[PDB]
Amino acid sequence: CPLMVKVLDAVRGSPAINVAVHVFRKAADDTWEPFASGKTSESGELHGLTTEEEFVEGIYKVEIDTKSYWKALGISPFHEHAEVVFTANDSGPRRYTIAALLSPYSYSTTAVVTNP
């Protein structure tokens, strides 16, 4: 797929499983249109959010529901969620992996952008 999301847990040393993820795309009217959604697998990965034909040039926001994830482990986390906003495919079609590493009061995110 042209878009994949990977989530890691820095407290447990494991993939972040069952993490809800929502993708929005900025519409012409400048509002965030819902584009795709899903949940991470046993390996902390989310595959199949979209296809090459559907994943056109645009501004995208990937929202990772970190709060729900931590609450289900008894932790009262700082953030509501992690948000990643970026322009996609404005220099031709590429493959995007959005990775996040999660702690209760901190997170980091990076992007791996590759051209097939």
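One-based numbering along the sequence shown.
Legend: mean Cα B-factor per stretch from the PDB entry, 81 to 89 versus 68 to 76; the higher mean is in 68 to 76.
Stretch comparison (14 to 22 versus 90 to 98) by mean CA B-factor in the PDB entry places 90 to 98 on top. Per the PDB record, residue ranking by Cα B-factor puts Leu3 in the highest third of the chain.
Per-chain ranking of the deposited C-alpha B factor places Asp29 in the highest third.
The entry lists a Cα temperature factor for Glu63 that places it in the lowest third of the chain's modelled residues. Among all modelled residues in its chain, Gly48 ranks in the highest third by Cα B-factor.
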